[PDB]
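One chain follows as structure tokens, the form deposited without this ligand.
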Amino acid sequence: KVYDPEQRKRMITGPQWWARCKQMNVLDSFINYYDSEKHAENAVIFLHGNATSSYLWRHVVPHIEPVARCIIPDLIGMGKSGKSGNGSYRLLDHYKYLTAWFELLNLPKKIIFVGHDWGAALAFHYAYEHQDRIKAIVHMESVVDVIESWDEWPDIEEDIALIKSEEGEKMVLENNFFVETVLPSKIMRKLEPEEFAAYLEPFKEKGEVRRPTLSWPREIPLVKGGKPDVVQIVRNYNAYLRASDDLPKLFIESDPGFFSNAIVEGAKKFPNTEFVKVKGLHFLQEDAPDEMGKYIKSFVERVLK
């Protein structure tokens, strides 16, 4: 892992990105977000997932802004957003706040979603419960289905067992496992110090402020061992999507990826999926942002014509 030579030239630091955001109160808290505003007959909502924030998409978004309004939130208790009122950050806690925030955005009827990780989960579940509000869905390293077996997955079974135990609190709240260990480990390049600090910033202090990054993984839809409600949520939106022939989709494969191999075949069962591949591990936006924006822009444009 080395620095890209020309990366400092173009680096957007967290504060430079925070300066380009705005806030909006949502129920009893608030949501920090980026919004390109223009071309609002359409909207593309970019959803980060665990460990990260809207900052993740900062070099991806410029490619698509020309063709459509882009909107990128910091998920509740992440990035520079407000905390959850009850201090709980499960998927449906996240859905609650996000759905409430959409109401305030002046979105079109048909929305374009772009999701990564649990951002994809959130996307897929909004789709399921608003099947008349979706124009297209792009996903990557996503929670496509429940899990029956670890076979095609990277060796994280024991990491997951541990996270589900009382050990997870030590990993994440004391030791910040997802920012300090998983994050840099799952980018091919090395992040600029300023870039890594903008990911740390939210979760710089020890303890409970780090909760969101521990809660997400505990949602994991394992048939044997998972929370049965999230297992139902996923299973439900998985069947919907399997049947969703007239819903144009895009899958961005990550190569070698982190669990792109695990989920690709699940992705294949969603009809109307265009398949592209880029270089990366789990957090591909930091290894192929432009290849990524290009593929996305192309897709969005084909889906508006």
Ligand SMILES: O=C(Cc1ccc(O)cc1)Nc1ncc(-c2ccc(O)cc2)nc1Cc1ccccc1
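When you see a residue number, it is the position in the sequence shown, counting from 1. Between two forms, the rigid core is the largest collection of C-alphas that superpose within 1.5 Å.
- In summary, of the stretches 193-201 and 158-166, 158-166 shows the greater Cα distance from the shown form in 5 other deposited structures of this protein, with structures fitted on the rigid core.
- For the pair 133-141 and 148-156, rigid core superposition yields a higher RMS C-alpha distance in 5 other deposited structures of this protein in 148-156.
- The stretch with the higher mean CA B factor, choosing between 153-161 and 96-104, is 153-161.
- For the pair 202-210 and 119-127, the mean B factor over Cα atoms is greater in 202-210.
- Within the group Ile233, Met140, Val144, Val172, the record's highest C-alpha temperature factor is found at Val172.
- Per the deposited coordinates, the residue with the largest Cα temperature factor out of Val264, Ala51, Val60, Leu47 is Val264.
- In this PDB entry, the Cα temperature factor of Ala40 sits in the top third of its chain's modelled residues, the highest group.
- When the CA B factors of the chain's modelled residues are split into thirds, the value for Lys190 lands in the middle one.
- Sorting the modelled residues of the chain by their CA temperature factor places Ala288 in the middle third.
- In the PDB entry, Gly85 places in the middle third of its chain by CA B-factor.
- Compared with the other modelled residues of the chain, the Cα B-factor recorded for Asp255 ranks in the highest third.
Just so it is clear, the following notes concern the form deposited with this ligand bound, a form of the same protein that is not shown.
- Three or more atoms of this ligand, overlaid from where it sits in the bound PDB entry, fall within 2.4 angstroms of backbone or C-beta atoms of the displayed form, which makes the pocket blocked.
- At a distance threshold of 4.5 angstroms between non-hydrogen atoms, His282 is in contact with this ligand in the bound PDB entry.
- Contact check for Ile111: every heavy atom lies farther than 4.5 Å from this ligand in the bound PDB entry.
- Though the partner is left out of this view, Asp159 does reach within 4.5 Å of this ligand in the bound PDB entry, counting heavy atoms only.
- Heavy atoms of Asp74 never reach within 4.5 Å of this ligand in the bound PDB entry, leaving it off the interface.
- The single contact residue among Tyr89, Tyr97, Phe177, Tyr199, judged by any heavy atom lying within 4.5 Å of this ligand in the bound PDB entry, is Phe177.
- Residue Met171 is the only one of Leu191, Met171, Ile134, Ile233 with a heavy atom lying within 4.5 Å of this ligand in the bound PDB entry.
- Only one of 39-47, 270-278, 56-64, 255-263 places residue heavy atoms within 4.5 angstroms of this ligand in the bound PDB entry, namely 255-263.
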